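Below you'll find the structure, written out as structure tokens, and then a few comments.
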Amino acid sequence: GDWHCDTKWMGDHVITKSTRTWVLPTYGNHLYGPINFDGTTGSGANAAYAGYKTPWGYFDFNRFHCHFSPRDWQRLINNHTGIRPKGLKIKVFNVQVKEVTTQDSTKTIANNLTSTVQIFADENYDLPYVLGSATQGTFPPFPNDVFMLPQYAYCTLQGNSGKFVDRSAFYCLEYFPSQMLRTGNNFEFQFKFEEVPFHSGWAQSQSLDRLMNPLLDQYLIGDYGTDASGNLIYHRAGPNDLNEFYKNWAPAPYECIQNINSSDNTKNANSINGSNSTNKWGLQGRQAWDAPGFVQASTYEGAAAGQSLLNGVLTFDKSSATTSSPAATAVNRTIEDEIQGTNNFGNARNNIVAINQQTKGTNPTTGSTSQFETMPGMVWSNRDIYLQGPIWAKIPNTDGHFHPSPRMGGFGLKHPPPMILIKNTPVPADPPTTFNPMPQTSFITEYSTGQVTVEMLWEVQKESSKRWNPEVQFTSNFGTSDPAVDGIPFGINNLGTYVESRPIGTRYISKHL
Amino acid sequence: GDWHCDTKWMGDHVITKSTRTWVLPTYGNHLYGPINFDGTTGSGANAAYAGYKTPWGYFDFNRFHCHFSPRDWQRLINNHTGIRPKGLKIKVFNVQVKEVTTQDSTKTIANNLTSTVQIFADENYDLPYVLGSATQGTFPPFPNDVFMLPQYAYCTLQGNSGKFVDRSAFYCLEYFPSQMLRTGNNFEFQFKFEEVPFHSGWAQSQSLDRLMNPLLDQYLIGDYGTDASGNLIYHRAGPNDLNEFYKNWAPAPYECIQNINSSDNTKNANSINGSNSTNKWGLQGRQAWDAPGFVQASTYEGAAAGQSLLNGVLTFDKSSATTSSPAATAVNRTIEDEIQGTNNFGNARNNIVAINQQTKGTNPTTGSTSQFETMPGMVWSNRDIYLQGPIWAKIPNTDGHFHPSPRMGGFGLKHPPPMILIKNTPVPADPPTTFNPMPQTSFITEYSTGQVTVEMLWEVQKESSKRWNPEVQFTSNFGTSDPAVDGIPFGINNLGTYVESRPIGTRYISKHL
Amino acid sequence: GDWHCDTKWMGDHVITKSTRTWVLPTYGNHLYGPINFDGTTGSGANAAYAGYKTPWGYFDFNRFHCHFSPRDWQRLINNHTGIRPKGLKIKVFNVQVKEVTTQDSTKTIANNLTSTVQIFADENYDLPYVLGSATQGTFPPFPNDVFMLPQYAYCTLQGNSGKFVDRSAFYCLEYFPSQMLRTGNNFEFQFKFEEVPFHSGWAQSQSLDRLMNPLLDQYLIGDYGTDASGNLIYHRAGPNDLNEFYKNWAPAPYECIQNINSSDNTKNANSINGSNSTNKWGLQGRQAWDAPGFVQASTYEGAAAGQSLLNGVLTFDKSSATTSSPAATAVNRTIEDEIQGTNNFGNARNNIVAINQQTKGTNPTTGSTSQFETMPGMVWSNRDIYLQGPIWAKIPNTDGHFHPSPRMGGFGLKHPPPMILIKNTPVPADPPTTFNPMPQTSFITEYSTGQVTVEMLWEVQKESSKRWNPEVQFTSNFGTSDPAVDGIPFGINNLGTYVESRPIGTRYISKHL
């Protein structure tokens with residue numbers, strides 16, 4: 001094969017080709033193993049797990065910025081109001097296996113021509129599907145970078161203290177038909193996405209509470225109170241009070257999510273514990289963070305600067321890092337302000353409901369609600385997709401699901417792109433000259449490398465806006481930057497590392513609600 | 001492929017094939033980087049720049065002596081009065097990649113059969129075009145020589161102090177479809193030049209100020225002065241004074257360029273600073289040398305020996321050298337005396353113009369002009385092309401340009417031959433046995449080498465001169481040379497280096513103006 | 001006919017339909033008249049003119065914002081790098097004539113069904129062409145607005161003191177075949193533009209003084225000075241000093257234009273007279289402002305804030321006004337910073353040239369030039385087109401012209417869209433009952449009104465940029481505005497007037513030079 005990265009913009013379609021270079025170590029000395037964590041030490045009992053490690057490794061292209069460049073992304077989001085995937089093609093080729101030898105003086109790396117690697121795609125979704133979990137190991141943003149393929153592992157059911165049970169499964173991955181690749185062999189795979197709705201690539205220029213003609217007043221009469229003697233009073237909503245209007249629709253449901261201010265130091269309580277104050281959902285005797293949760297507006301218009309939600313937003317790294325506790329200057333923190341029309345600000349407990357039953361003696365009382373869930377007549381909007389975020393997720397296999405759109409973002413798929421696994425086939429060292437029945441555990445040290453190209457077909461919506469005035473769009477203004485320390489933003493810096501300077505998202509075009 | 005260098009002289013065409021051997025290092029450890037120079041130190045603020053370095057490298061065949069030999073060039077310039085390019089074919093083949101290993105005792109070079117190199121031609125001119133700038137890295141004059149491919153880099157817009165701005169661009173070159181070459185693969189490219197006018201390969205045997213029949217006198221009456229009483233006087237130009245003639249045409253425009261004498265020591269002022277006395281043109285707050293400028297006659301007939309213009313001529317090295325301050329015996333200094341018919345000598349301020357308005361009291365006054373630019377009715381001639389000089393240049397992409405002939409020489413092209421880039425594809429070293437998300441920065445040390453053949457098709461004008469007497473032509477008379485120190489001129493010397501002994505140019509045939 | 005305004009974006013084409021409502025008064029009581037201004041009083045002798053007034057009136061759609069809306073313009077300039085006109089169709093219809101009667105108590109307006117108006121297009125350009133002069137009378141920006149058709153008048157040759165001469169022409173416009181329009185009649189006209197080059201809709205990301213590979217150094221040797229004894233010294237330009245490089249091309253020509261600072265009060269001299277310090281060009285004994293002149297960069301990168309040129313830029317009104325001395329807050333002042341790559345900043349006198357001839361005694365001297373005109377090897381860029389500016393101009397009918405691009409902007413046309421004239425046909429009042437030979441000068445007071453729709457076809461260039469990082473684009477960020485005083489920018493304000501908030505131009509996309 002050959003190296004081709006590019007994009008081709010057609011009218012309703014766009015094709016993004018990109019190709020990388022990878023390196024595959026031998027994981028676990030060609031051995032499976034059990035893994036668990038009991039809840040006795042460390043984080044606690046909620047952190048327990050049980051599963052297996054596998055000598056295999058896999059490709060993960062799930063994130064968007066694998067397939068797009070900051071210029072191609074800008075071309076998408078200013079012009080087009082929607083996108084969905086159509087199909088993908090991936091090809092792994094130019095595989096070459098290298099053997100390592102050490103005399104303690106130096107390493108000597110040689111190229112073994114006849115050794116192979118094994119690769120297969122999991123067509124029927126027989127193995128546990130780890131791709132939709134937004135973990136690391138994805139292709140790099142920048143094509144000149146060389147990346148390392150992750151090791152495959154999974155969790156099964158667990159008992160108390162992170163132990164196996166009867167339902168726990170063990171999967172042998174050598175029991176799957178696979179293809180062996182030498183130099184001069186390649187692996188190709190075709191895939192076609194199922195029908196999904198376009199992601200809404202447009203911000204909304206109206207609110208639900210004002211859909212009305214503001215000059216008029218209703219023919220529907222309201223209940224304005226009671227008399228001093230107890231007689232009912234009526235009122236007609238009009239342009240003086242538009243909150244009085246009867247309405248057909250209601251905004252999004254919510255669970256109350258605590259607020260936190262990223263910019264302003266003086267808006268946050270001192271020394272809050274994010275583990276205690278985060279929303280949880282419990283299952284099977286233990287409870288896990290509910291994050292990000294169902295999307296709420298992080299901030300609305302006319303709100304404090306820096307307002308956000310605690311574990312309510314996505315946050316990314318400017319450049320790939322292992323830090324585990326990154327500084328505020330090393331991260332890109334997204335904000336959802338574009339859904340503020342249909343989606344109430346999380347941590348605002350506005351919704352009011354009647355808590356008693358009136359009569360002569362008892363005055364009616366109401367109260368604000370911390371959690372208000374779905375009822376007929378509600379409209380909401382999904383979380384935005386970002387250049388740095390996940391493309392898809394696998395809808396769990398279950399008897400029911402409600403609005404199966406992934407909470408982190410992207411496209412819920414029942415048959416997502418399959419998970420493609422690869423390993424270095426083992427080559428044994430010299431056996432003894434008398435037969436031994438035991439397994440032969442001594443192998444030659446080796447690793448693999450090659451290229452992988454990924455071509456993906458997308459479906460876009462181009463629109464016609466009849467608003468007169470111009471619209472906000474994504475522009476790059478940093479002023480000046482210093483080539484002696486940090487290069488062009490969204491470019492290579494002085495040390496050679498690629499830096500994504502700020503988060504980007506798809507909603508720059510306003511459309512009336 | 002096979003090794004073929006040669007020339008084939010057809011009637012109106014000539015075909016020049018030549019093939020070389022190159023070596024490609026790994027540049028920058030497979031990393032991009034920003035580069036700049038602030039104006040705080042060194043040369044000054046006018047020297048500031050900003051841009052990027054690239055792991056890629058490229059082929060530059062632009063100079064003439066890549067495609068011709070001193071004998072083939074002589075055959076061209078004595079017989080033919082014009083030349084222009086038609087098409088070119090280049091083929092890079094026999095690529096082989098070699099790996100280097102060092103124990104500090106010695107280097108060990110081995111041949112990796114399965115490694116590749118990446119190569120593509122930039123068809124659409126998407127990357128900044130660095131070829132027309134007359135920098136080093138060109139193929140050698142002599143085919144047996146082995147040369148090194150340059151590293152690719154470019155400049156973008158800059159702010160103050162050599163910093164990036166919003167308009168500054170960063171180009172990822174792995175985003176271009178490319179071809180991978182092993183042993184047994186080759187890269188071929190076809191190109192066809194756009195229509196251009198022949199370069200004038202003829203010196204001119206007349207002057208503009210004498211185009212007339214010298215025996216006759218005009219029927220046009222001139223203004224010879226006024227009377228002692230103020231009455232107009234008339235005169236008829238004739239063979240006694242031929243400068244009095246009215247004329248249809250005027251010579252070339254000029255900016256005054258200072259003169260300097262290369263041969264004669266006693267004609268030059270002591271300790272002049274060439275940086276202060278050179279013509280400049282300023283742009284964007286800073287100012288750069290205007291050189292060579294629009295061509296003027298370096299010397300005319302009946303002028304001091306050694307006369308030339310300061311930064312008005314091209315100067316070359318007899319053999320490839322890095323000296324940065326070469327001695328006068330190491331350089332070939334061209335001289336333009338063949339345009340002296342239409343092109344006035346630079347630094348001669350001859351042109352005279354009226355600076356006031358006469359009346360009874362005021363006598364008419366005139367003055368000489370330092371700068372006299374284009375007006376209707378002017379004729380000039382372009383700078384000569386030399387065996388050692390550039391073939392073409394890329395006309396900038398702009399709304400207007402006036403007589404877009406390159407000031408250094410050759411053929412201005414809107415679609416020049418594209419820039420062809422190549423790099424060694426990276427091969428990683430042994431990764432760790434536990435997954436790491438970071439980019440893998442350790443690679444195997446390697447380099448590439450191969451052959452490249454360039455075949456170019458030319459279009460020539462053969463002429464018929466009806467002058468009776470013979471013409472000057474390019475002949476080789478050095479007398480005798482010493483094989484013990486310097487070999488045949490235009491040949492290998494004692495140390496094995498190729499030496500170009502004197503500059504050559506295309507205008508040896510006289511033609512009346 | 002019917003009312004249709006809209007735009008249709010096709011791939012390489014876009015169609016803009018817009019329709020207005022106009023009102024035509026009776027000009028001059030149906031009489032021609034001579035007009036002149038002698039130079040005896042007022043502005044001076046340079047202000048003199050002579051010509052005629054005409055009862056006719058005409059349509060002028062020349063400006064861009066007649067055909068585009070701020071949203072349609074944004075859609076053009078962010079996506080497309082070029083535009084040129086193809087054809088236009090105009091239709092004037094629904095004409096109705098109204099008669100006015102006054103008893104001094106009140107006016108009474110009645111509708112005369114059988115009266116007509118006269119209209120013709122000037123196909124052969126027989127009348128003097130007044131459209132390319134950027135005067136008022138153009139269609140409004142906002143379609144709901146009603147506008148008044150201008151009166152037609154022209155200037156002819158003049159003697160001293162603004163008097164007619166033999167060459168002066170008088171044109172009778174009733175000598176042109178015309179069409180009479182009642183209610184139920186319409187006038188349609190087709191036109192097809194001649195071939196013109198696309199306007200460059202892209203800013204430039206490189207400079208002429210840096211086109212080079214910054215890592216390399218030239219094979220061309222320069223002249224670095226002379227020795228202490230008079231011997232020539234050589235030097236090789238390299239990455240330490242890139243201004244030393246020889247170059248093929250040179251920046252734009254210039255006439256020095258004085259600078260003025262719009263923002264900063266403290267950068268301007270006190271009480272300068274703009275009439276004395278503006279560039280002039282004289283003709284026929286008198287001299288007129290040269291403005292804007294050939295375009296120079298108003299400001300460059302790393303220059304004082306608010307820097308501009310005095311009468312070097314275009315300036316517009318935010319809303320149509322007669323003020324004649326508008327305040328700085330009522331105007332939109334354009335700035336040309338996007339040509340700073342090929343076009344030197346006006347009022348920077350950088351260009352340096354040799355003013356003498358050296359020898360032993362005389363040291364070489366140089367000087368900076370106030371005016372530096374076109375010479376071979378220059379490249380420049382035309383003035384930008386703006387949403388508020390003129391589309392085209394008529395190239396004068398003359399034997400020669402150099403780069404005939406209009407200095408204010410747009411497309412120079414030899415056969416521009418013809419000038420279309422209209423008048424109310426006169427209806428006489430009651431004549432006497434005995435024959436009189438004299439002309440009948442008493443008429444009925446009347447005016448006309450109707451609609452005019454203009455459909456124009458445009459040709460656009462969509463591009464592919466391979467730069468990695470995002471580009472600057474035109475976005476609307478005003479923060480918040482107050483509906484109680486000024487409405488949405490580029491929208492109707494509180495008083496009902498349409499306001500264009502800031503100037504817009506076509507160059508938002510960078511492209512390497």
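Following the order of the structure tokens, first chain is A, next is B, and so on, with residues numbered from 1 inside each chain and ligands from 1 in the order they appear.
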
With a distance cut-off of 7 Å and only C-alpha atoms, select the neighbouring residues of residue 461 (chain B), excluding the residue or stretch itself and same-chain residues fewer than 3 positions from it, and output the selection as a VMD selection string.
chain B and resid 12 80 to 83

Residues of chain C within 10 Å of chain A, using only C-alpha atoms, as JSON, numbers by chain?
{"C": [6, 7, 8, 9, 11, 68, 69, 70, 71, 72, 73, 74, 75, 78, 79, 142, 302, 464, 465, 466, 467, 468, 469, 470, 471, 472, 473, 474, 475, 476, 477, 480, 488, 489, 490, 491, 500]}

Surrounding residues of residue 23 (chain B) excluding itself and chain neighbours under 4 positions, 6 Å, only C-alpha atoms, as number ranges by chain
B: 148, 448-449

Would you export the selected residues with C-alpha atoms as an mmCIF file, in the first residue's frame, please?
```
data_model
loop_
_atom_site.group_PDB
_atom_site.id
_atom_site.type_symbol
_atom_site.label_atom_id
_atom_site.label_comp_id
_atom_site.auth_asym_id
_atom_site.auth_seq_id
_atom_site.Cartn_x
_atom_site.Cartn_y
_atom_site.Cartn_z
ATOM 1 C CA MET B 148 22.643 15.411 -0.394
ATOM 2 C CA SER B 448 18.393 6.356 2.238
ATOM 3 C CA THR B 449 20.141 6.534 -1.108
#
```

Can you tell me, as a VMD selection string, what residues are no more than 8 Å from residue 503 (chain C) when counting only C-alpha atoms, ignoring any on the same chain fewer than 2 positions away?
chain C and resid 316 332 to 334 386 to 388 500 to 501 505

Based on the selection just made, write C-alpha atoms of those residues as a PDB file, in the first residue's frame.
```pdb
ATOM      1  CA  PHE C 316     -18.589  54.854   4.314  1.00  0.00           C
ATOM      2  CA  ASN C 332     -17.116  52.981   8.639  1.00  0.00           C
ATOM      3  CA  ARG C 333     -13.422  53.380   7.843  1.00  0.00           C
ATOM      4  CA  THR C 334     -11.884  50.506   5.894  1.00  0.00           C
ATOM      5  CA  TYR C 386     -16.383  45.893   0.188  1.00  0.00           C
ATOM      6  CA  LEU C 387     -20.026  45.186   0.920  1.00  0.00           C
ATOM      7  CA  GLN C 388     -20.682  48.934   0.785  1.00  0.00           C
ATOM      8  CA  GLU C 500     -24.564  48.987   8.773  1.00  0.00           C
ATOM      9  CA  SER C 501     -22.446  48.618  11.865  1.00  0.00           C
ATOM     10  CA  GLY C 505     -14.434  43.052   2.889  1.00  0.00           C
TER      11      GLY C 505
END
```

Any idea what's packed within 7 Å of region 55-62 of chain A, counting only C-alpha atoms, ignoring anything in its chain fewer than 4 positions away? Could you give it as an NGL selection string?
:A and (26-28 or 30-32 or 66 or 131 or 137-139 or 149-152 or 390-392 or 420-423)

Quick one: write out the picked residues with N, CA, C and O atoms as a PDB file, in the first residue's frame?
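Contents of the output file again_33.pdb:
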```
ATOM      1  N   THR A  26       4.887  -7.189  22.765  1.00  0.00           N
ATOM      2  CA  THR A  26       4.379  -8.458  23.263  1.00  0.00           C
ATOM      3  C   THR A  26       3.899  -8.257  24.693  1.00  0.00           C
ATOM      4  O   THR A  26       4.693  -7.915  25.573  1.00  0.00           O
ATOM      5  N   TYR A  27       2.611  -8.474  24.926  1.00  0.00           N
ATOM      6  CA  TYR A  27       2.009  -8.216  26.224  1.00  0.00           C
ATOM      7  C   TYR A  27       1.909  -9.497  27.038  1.00  0.00           C
ATOM      8  O   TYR A  27       1.438 -10.520  26.539  1.00  0.00           O
ATOM      9  N   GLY A  28       2.354  -9.430  28.287  1.00  0.00           N
ATOM     10  CA  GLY A  28       2.159 -10.504  29.234  1.00  0.00           C
ATOM     11  C   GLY A  28       2.972 -11.752  29.005  1.00  0.00           C
ATOM     12  O   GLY A  28       2.640 -12.791  29.582  1.00  0.00           O
ATOM     13  N   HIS A  30       3.028 -13.549  26.387  1.00  0.00           N
ATOM     14  CA  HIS A  30       2.142 -14.465  25.680  1.00  0.00           C
ATOM     15  C   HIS A  30       1.206 -15.201  26.626  1.00  0.00           C
ATOM     16  O   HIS A  30       0.813 -16.334  26.355  1.00  0.00           O
ATOM     17  N   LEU A  31       0.835 -14.586  27.740  1.00  0.00           N
ATOM     18  CA  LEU A  31       0.035 -15.261  28.747  1.00  0.00           C
ATOM     19  C   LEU A  31      -1.205 -14.450  29.071  1.00  0.00           C
ATOM     20  O   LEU A  31      -1.153 -13.222  29.147  1.00  0.00           O
ATOM     21  N   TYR A  32      -2.318 -15.148  29.254  1.00  0.00           N
ATOM     22  CA  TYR A  32      -3.477 -14.576  29.907  1.00  0.00           C
ATOM     23  C   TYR A  32      -3.218 -14.462  31.401  1.00  0.00           C
ATOM     24  O   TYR A  32      -2.327 -15.111  31.950  1.00  0.00           O
ATOM     25  N   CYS A  66      -9.021  12.147  15.136  1.00  0.00           N
ATOM     26  CA  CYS A  66      -8.296  11.197  14.310  1.00  0.00           C
ATOM     27  C   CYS A  66      -8.615  11.413  12.841  1.00  0.00           C
ATOM     28  O   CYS A  66      -7.739  11.288  11.982  1.00  0.00           O
ATOM     29  N   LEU A 131     -14.656  -0.395  23.443  1.00  0.00           N
ATOM     30  CA  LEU A 131     -14.304   0.806  22.696  1.00  0.00           C
ATOM     31  C   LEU A 131     -15.087   2.040  23.121  1.00  0.00           C
ATOM     32  O   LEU A 131     -14.565   3.155  23.015  1.00  0.00           O
ATOM     33  N   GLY A 137      -5.380   5.319  24.265  1.00  0.00           N
ATOM     34  CA  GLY A 137      -4.981   4.386  23.238  1.00  0.00           C
ATOM     35  C   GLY A 137      -5.461   4.725  21.849  1.00  0.00           C
ATOM     36  O   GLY A 137      -5.235   3.938  20.926  1.00  0.00           O
ATOM     37  N   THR A 138      -6.115   5.862  21.671  1.00  0.00           N
ATOM     38  CA  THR A 138      -6.644   6.256  20.382  1.00  0.00           C
ATOM     39  C   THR A 138      -5.510   6.747  19.481  1.00  0.00           C
ATOM     40  O   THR A 138      -4.417   7.067  19.947  1.00  0.00           O
ATOM     41  N   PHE A 139      -5.766   6.771  18.172  1.00  0.00           N
ATOM     42  CA  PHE A 139      -4.801   7.348  17.250  1.00  0.00           C
ATOM     43  C   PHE A 139      -4.478   8.781  17.669  1.00  0.00           C
ATOM     44  O   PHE A 139      -5.319   9.471  18.250  1.00  0.00           O
ATOM     45  N   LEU A 149      -0.166   0.389  20.434  1.00  0.00           N
ATOM     46  CA  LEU A 149      -1.493  -0.212  20.495  1.00  0.00           C
ATOM     47  C   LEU A 149      -1.792  -0.703  21.910  1.00  0.00           C
ATOM     48  O   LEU A 149      -0.921  -1.284  22.558  1.00  0.00           O
ATOM     49  N   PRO A 150      -3.005  -0.490  22.410  1.00  0.00           N
ATOM     50  CA  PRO A 150      -3.311  -0.859  23.793  1.00  0.00           C
ATOM     51  C   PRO A 150      -3.421  -2.363  23.961  1.00  0.00           C
ATOM     52  O   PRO A 150      -3.581  -3.115  23.001  1.00  0.00           O
ATOM     53  N   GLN A 151      -3.343  -2.796  25.211  1.00  0.00           N
ATOM     54  CA  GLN A 151      -3.565  -4.189  25.556  1.00  0.00           C
ATOM     55  C   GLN A 151      -5.045  -4.419  25.808  1.00  0.00           C
ATOM     56  O   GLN A 151      -5.729  -3.557  26.360  1.00  0.00           O
ATOM     57  N   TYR A 152      -5.539  -5.582  25.407  1.00  0.00           N
ATOM     58  CA  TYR A 152      -6.955  -5.874  25.540  1.00  0.00           C
ATOM     59  C   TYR A 152      -7.231  -6.547  26.875  1.00  0.00           C
ATOM     60  O   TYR A 152      -6.506  -7.455  27.283  1.00  0.00           O
ATOM     61  N   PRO A 390     -15.548  11.503  21.618  1.00  0.00           N
ATOM     62  CA  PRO A 390     -15.852  10.213  20.993  1.00  0.00           C
ATOM     63  C   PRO A 390     -16.876  10.334  19.882  1.00  0.00           C
ATOM     64  O   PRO A 390     -17.795  11.149  19.944  1.00  0.00           O
ATOM     65  N   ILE A 391     -16.711   9.505  18.850  1.00  0.00           N
ATOM     66  CA  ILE A 391     -17.672   9.504  17.750  1.00  0.00           C
ATOM     67  C   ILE A 391     -18.916   8.702  18.101  1.00  0.00           C
ATOM     68  O   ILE A 391     -20.039   9.169  17.902  1.00  0.00           O
ATOM     69  N   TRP A 392     -18.754   7.484  18.611  1.00  0.00           N
ATOM     70  CA  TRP A 392     -19.904   6.612  18.790  1.00  0.00           C
ATOM     71  C   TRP A 392     -19.815   5.889  20.123  1.00  0.00           C
ATOM     72  O   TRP A 392     -18.871   6.056  20.897  1.00  0.00           O
ATOM     73  N   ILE A 420     -11.114  -4.588  16.522  1.00  0.00           N
ATOM     74  CA  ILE A 420     -10.144  -5.287  15.688  1.00  0.00           C
ATOM     75  C   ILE A 420      -8.885  -5.533  16.496  1.00  0.00           C
ATOM     76  O   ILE A 420      -8.256  -4.588  16.983  1.00  0.00           O
ATOM     77  N   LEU A 421      -8.509  -6.801  16.630  1.00  0.00           N
ATOM     78  CA  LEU A 421      -7.478  -7.203  17.568  1.00  0.00           C
ATOM     79  C   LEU A 421      -6.286  -7.781  16.822  1.00  0.00           C
ATOM     80  O   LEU A 421      -6.434  -8.368  15.749  1.00  0.00           O
ATOM     81  N   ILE A 422      -5.104  -7.617  17.406  1.00  0.00           N
ATOM     82  CA  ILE A 422      -3.854  -8.012  16.767  1.00  0.00           C
ATOM     83  C   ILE A 422      -2.871  -8.441  17.847  1.00  0.00           C
ATOM     84  O   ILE A 422      -2.882  -7.904  18.955  1.00  0.00           O
ATOM     85  N   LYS A 423      -2.034  -9.430  17.532  1.00  0.00           N
ATOM     86  CA  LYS A 423      -0.972  -9.848  18.433  1.00  0.00           C
ATOM     87  C   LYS A 423       0.216 -10.358  17.634  1.00  0.00           C
ATOM     88  O   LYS A 423       0.093 -10.753  16.474  1.00  0.00           O
TER      89      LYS A 423
END
```

May I have all residues of region 310-418 of chain A that DSSP, computed from the backbone, assigns to strand (DSSP E), given as a VMD selection string?
chain A and resid 315 to 317 331 to 333 352 to 354 366 to 368 371 to 372 392 to 394 411 to 413

May I have the residues from that selection written out with N, CA, C and O atoms, as a tab-separated table (two decimals), in the first residue's frame?
```
chain	number	residue	atom	x	y	z
A	315	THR	N	-13.95	17.43	29.63
A	315	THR	CA	-12.68	18.14	29.74
A	315	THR	C	-11.61	17.30	29.07
A	315	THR	O	-11.58	16.08	29.22
A	316	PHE	N	-10.72	17.96	28.34
A	316	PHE	CA	-9.73	17.27	27.52
A	316	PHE	C	-8.35	17.82	27.82
A	316	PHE	O	-8.20	18.84	28.48
A	317	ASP	N	-7.34	17.12	27.32
A	317	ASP	CA	-5.96	17.58	27.41
A	317	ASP	C	-5.58	18.33	26.14
A	317	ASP	O	-5.98	17.95	25.04
A	331	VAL	N	-5.56	21.83	30.29
A	331	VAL	CA	-6.81	21.17	29.94
A	331	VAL	C	-7.67	22.09	29.10
A	331	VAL	O	-7.56	23.32	29.18
A	332	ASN	N	-8.54	21.49	28.29
A	332	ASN	CA	-9.56	22.20	27.53
A	332	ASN	C	-10.92	21.84	28.11
A	332	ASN	O	-11.37	20.71	27.97
A	333	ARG	N	-11.57	22.81	28.74
A	333	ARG	CA	-12.84	22.57	29.41
A	333	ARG	C	-13.97	23.08	28.52
A	333	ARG	O	-14.07	24.28	28.27
A	352	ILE	N	-41.34	24.23	40.30
A	352	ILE	CA	-42.14	24.39	41.50
A	352	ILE	C	-43.41	23.56	41.33
A	352	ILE	O	-43.97	23.49	40.24
A	353	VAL	N	-43.85	22.93	42.42
A	353	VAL	CA	-44.94	21.96	42.38
A	353	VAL	C	-45.68	22.05	43.71
A	353	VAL	O	-45.14	22.47	44.72
A	354	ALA	N	-46.95	21.65	43.69
A	354	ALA	CA	-47.81	21.81	44.86
A	354	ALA	C	-47.62	20.65	45.84
A	354	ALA	O	-47.70	19.49	45.45
A	366	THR	N	-46.26	25.32	48.06
A	366	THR	CA	-45.51	24.74	46.96
A	366	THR	C	-44.06	24.60	47.38
A	366	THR	O	-43.63	25.12	48.41
A	367	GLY	N	-43.29	23.88	46.58
A	367	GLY	CA	-41.87	23.71	46.86
A	367	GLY	C	-41.08	23.45	45.60
A	367	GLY	O	-41.62	22.96	44.61
A	368	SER	N	-39.80	23.79	45.65
A	368	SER	CA	-38.90	23.55	44.54
A	368	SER	C	-38.35	22.14	44.59
A	368	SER	O	-38.13	21.57	45.66
A	371	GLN	N	-35.10	17.05	41.75
A	371	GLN	CA	-35.05	16.12	40.62
A	371	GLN	C	-36.41	16.03	39.97
A	371	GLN	O	-37.42	15.78	40.63
A	372	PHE	N	-36.43	16.25	38.66
A	372	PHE	CA	-37.66	16.38	37.88
A	372	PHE	C	-37.43	15.57	36.61
A	372	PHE	O	-36.61	15.96	35.78
A	392	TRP	N	-18.75	7.48	18.61
A	392	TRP	CA	-19.90	6.61	18.79
A	392	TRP	C	-19.82	5.89	20.12
A	392	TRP	O	-18.87	6.06	20.90
A	393	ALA	N	-20.83	5.07	20.37
A	393	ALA	CA	-20.88	4.17	21.51
A	393	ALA	C	-21.80	3.02	21.15
A	393	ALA	O	-22.61	3.12	20.23
A	394	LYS	N	-21.66	1.92	21.87
A	394	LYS	CA	-22.46	0.73	21.62
A	394	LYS	C	-23.63	0.70	22.59
A	394	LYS	O	-23.43	0.66	23.80
A	411	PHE	N	-22.91	9.10	18.55
A	411	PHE	CA	-23.95	8.32	17.90
A	411	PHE	C	-24.09	6.98	18.60
A	411	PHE	O	-23.16	6.17	18.59
A	412	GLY	N	-25.24	6.74	19.22
A	412	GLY	CA	-25.52	5.42	19.75
A	412	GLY	C	-25.76	4.44	18.63
A	412	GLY	O	-26.60	4.66	17.76
A	413	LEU	N	-25.02	3.33	18.65
A	413	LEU	CA	-25.09	2.34	17.59
A	413	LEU	C	-25.39	0.97	18.19
A	413	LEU	O	-24.79	0.59	19.20
```

Coordinates-based distance that separates CA of residue 402 (chain C) from CA of residue 65 (chain C) (Å, one decimal)
28.9 Å
